[PDB]
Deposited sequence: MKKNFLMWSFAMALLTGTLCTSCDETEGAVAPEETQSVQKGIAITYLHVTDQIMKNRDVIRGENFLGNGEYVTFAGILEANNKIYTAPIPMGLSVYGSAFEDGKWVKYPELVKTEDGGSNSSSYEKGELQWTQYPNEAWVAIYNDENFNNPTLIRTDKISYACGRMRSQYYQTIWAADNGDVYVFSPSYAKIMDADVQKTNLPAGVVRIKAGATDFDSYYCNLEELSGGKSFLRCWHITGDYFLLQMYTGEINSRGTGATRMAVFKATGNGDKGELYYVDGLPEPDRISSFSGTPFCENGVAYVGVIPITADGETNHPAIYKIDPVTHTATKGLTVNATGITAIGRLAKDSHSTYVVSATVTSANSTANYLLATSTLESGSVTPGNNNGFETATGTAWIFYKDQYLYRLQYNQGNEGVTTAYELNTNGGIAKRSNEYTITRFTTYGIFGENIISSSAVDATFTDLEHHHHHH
């Protein structure tokens, strides 16, 4: 029995009720899809009492390229001859970086949070189903309210250097009917409807409506120009899909960024809009039925990084995470407000100072979890709630967690994941 370093998939659970952190045994990532490559999970989607994730191919590890004298190497000219690269895309000699099979998408369906015996299904109609920004892999699989799972691809691989690693498929969407175990016949080419544009990430709003953060020009590694929103009605136009750019937002050349995860309530989506350069961020309400946006709460801070609701007994409030960035520091404030649609909030008092967070997740209206990314080192997390006096309070337990590149919720577990180096037997 021979042990060696191989690629695995790490899973971290934050149980919200028991307030306990667990690591799963690392899942073997090598040859996850049957072609030798290893994978990164993108998204943890709860629907139909199951977990859906997109196993995003990463190419071949050093172990994978060497395995049985290059068995898995389709394009040997791409195997790296020396260490190189930058940031989370640094590579080592012997790697084959990024997938050799860009013209397909996989989805893994798991019966529960123990992540055993996945149903793995493939489509050749779209490229892999994630968005990309730096190290992070953005969820682009989402469930309509009836349980149908829509699988979106922005065709990020079209920007790969080598022809054989670029996808030739336009950004598009496919479907897994609720309770089905394979894709059905649905397909929507989004570039045909969008004016040739793809997207950075997307989310579910309500019903069969989804929100897409659209590019003004070509998709790119830095996310430049991801400054418009569109509403996608999946079953629109006789089950062919319909895409409408959102009206009422600032001009794209006036938007610096959007806040990251929308807050959905009563059939609409609230999103923070951070303008370039006196102009303060504000929360806009996006009505998917009319694809219209209206300006609401103003946030007197640098940016907005989370929007949600917290409650305890008879108390409840909206909560807006606001960043305050100075020349020498970056601070974060949780701000309580009774409305997202008028007025303003300012740190300096109902605010509560926290560390900054790479990702913020509301668990229902009960808890707010902060997840911090730390490059190659370990991530960090803390959690917040409303006390019995309706004030914002920090939860007792904090955690050091494995490096993560995606996250989601299933049941009472917040789940985070990444592709790791790990020892495996054989």
item	value
Missing residue ranges, deposited sequence indexing starting at 1	1 to 33, 311 to 314, 387, 465 to 472
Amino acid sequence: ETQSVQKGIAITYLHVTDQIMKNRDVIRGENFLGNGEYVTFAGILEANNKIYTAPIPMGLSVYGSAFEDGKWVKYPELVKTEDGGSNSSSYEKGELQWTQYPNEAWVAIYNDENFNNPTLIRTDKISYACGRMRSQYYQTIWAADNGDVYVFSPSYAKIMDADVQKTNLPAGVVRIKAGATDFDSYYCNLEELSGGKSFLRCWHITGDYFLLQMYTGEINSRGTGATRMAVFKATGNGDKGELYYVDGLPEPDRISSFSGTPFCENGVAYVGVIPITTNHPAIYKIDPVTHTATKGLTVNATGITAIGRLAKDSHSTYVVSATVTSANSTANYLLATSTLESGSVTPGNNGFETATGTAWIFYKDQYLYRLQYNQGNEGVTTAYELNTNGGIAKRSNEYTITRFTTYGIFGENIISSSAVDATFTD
From here on, numbers count along this sequence of modelled residues.
{"property": "Higher-scoring stretch by recorded Cα B factor average, 30 to 38 or 387 to 395", "result": "387 to 395"}
{"property": "Between the two ranges 80 to 88 and 140 to 148, the one averaging a larger CA B factor in the entry", "result": "80 to 88"}
{"property": "Out of 316, 198, 165, 227, residue topping the C-alpha B-factor column of the entry", "result": "316"}
{"property": "Out of 185, 259, 216, 127, residue topping the C-alpha B-factor column of the entry", "result": "259"}
{"property": "Third of the chain's Cα B-factor distribution that residue 9 belongs to, per the entry", "result": "lowest"}
{"property": "B-factor third for the C-alpha atom of residue 254 within its chain", "result": "highest"}
{"property": "Residue 189 CA temperature factor, ranked by third within the chain", "result": "lowest"}
{"property": "Ranked C-alpha temperature factor of residue 357 among modelled chain residues, by third", "result": "highest"}
{"property": "Third of the chain, ranked by Cα B-factor, where residue 48 sits", "result": "middle"}
